[PDB]
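[1] model this:
(4 chains)
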There are 2 protein chains.
Amino acid sequence: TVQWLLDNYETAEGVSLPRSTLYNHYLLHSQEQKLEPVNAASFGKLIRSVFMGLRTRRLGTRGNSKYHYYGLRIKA
Amino acid sequence: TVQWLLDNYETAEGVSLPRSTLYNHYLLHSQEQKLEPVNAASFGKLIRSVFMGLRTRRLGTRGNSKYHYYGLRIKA
DNA sequence: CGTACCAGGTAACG
DNA sequence: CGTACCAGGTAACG
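    Numbering: from 1, shown residues only, chains lettered A, B, ... in the order given. The coordinates are given below.
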């Protein structure tokens, strides 16, 4: 899934993506390509092996904070 | 609760205690002494401010691992 | 078959 | 009122 990640996302400045929607997109890709998906923790290992320097933020109002990969955006 | 911790537990070698039963004992102490208990994360901050050098282990058979504070035992 | 490296709650920053 | 420092799953060690 390294090339699929590179084709769909890229490191960028000052923007972030919620981790769930990114993992959710990966699960569709996996299902569509008949690949058995890894879990969210394993996916975190994969994405950090592809995109260097990602930071962790938790965005949202109190009681509603959600993890984001900071420094990443949709490429296409 | 610093003195209650020191009166009931001590650092020791080669032995561990499950985190849950220790926090469960703290909750009884809190209830019995009419003190509002802090949550498990806050309790982890408290116990590490009292007992220096505690290590983390997860003991148990596959699928059943549970966190332990390694290097601690019941004093009394 | 019993760790490594990834993946929310409360106090308190700013 | 939107981070710091605490709190299970899978691969793979040994």
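[2] contacting residues for the residue nearest to the spatial centre of chain A?
    The centroid of chain A falls nearest to residue A:22 when counting by C-alpha atoms, centre = their mean (4.0 Å). Neighbouring residues of residue A:22 by C-beta atoms under 8 Å, 6 or more residues apart in numbering or on different chains: A:9, A:47, A:69, A:72. Bear in mind the C-beta positions are built from the backbone N, C-alpha and C, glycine included.
[3] how about residue A:26, what does it touch?
    Listed by C-beta under 8 Å, 6+ apart, the contact partners of residue A:26 are A:1, A:4, A:37, A:43.
[4] ok, residue A:70 next?
    In this structure, residue A:70 makes contact with A:15, A:16, A:54, A:55, A:56, A:57, judged by C-beta under 8 Å, 6+ apart.
[5] buried members of those residues into PyMOL, please.
    Buried members of the contacts of residue A:70, identified by 16 or more other C-beta atoms under 10 Å in any protein chain shown, are gathered into one PyMOL selection as follows:
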select buried, chain A and resi 16+54
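[6] so what's the backbone phi/psi at the residue lying closest to residue A:38 once chain neighbours are set aside?
    For residue A:38, ignoring the flanking residues on the chain, the nearest one in space by C-beta to C-beta, 6 or more residues apart in numbering or on different chains is residue A:46 at 6.9 Å. Backbone torsions for residue A:46, taken as degrees, to the nearest 10, come to phi -60, psi -50.
[7] okay, now residue A:46: neighbour count?
    A count of neighbours around residue A:46, defined by other C-beta atoms under 10 Å in any protein chain shown, yields 14.
[8] now do the one 4 residues further on
    Burial of residue A:50, expressed as a neighbour count using other C-beta under 10 Å, amounts to 15.
[9] state the distance from it to DNA strand C.
    From residue A:50 across to DNA strand C, the span is 11 Å (C-beta to the nearest atom of the strand, to the nearest Å).
[10] now do the phi/psi pair for that residue.
    Backbone dihedrals for residue A:50, given as degrees, to the nearest 10, come out at phi -100, psi -50.
[11] please, which helix or strand holds residue A:42?
    Take DSSP states H and E as the rule and residue A:42 turns out to sit in helix A:40-50.
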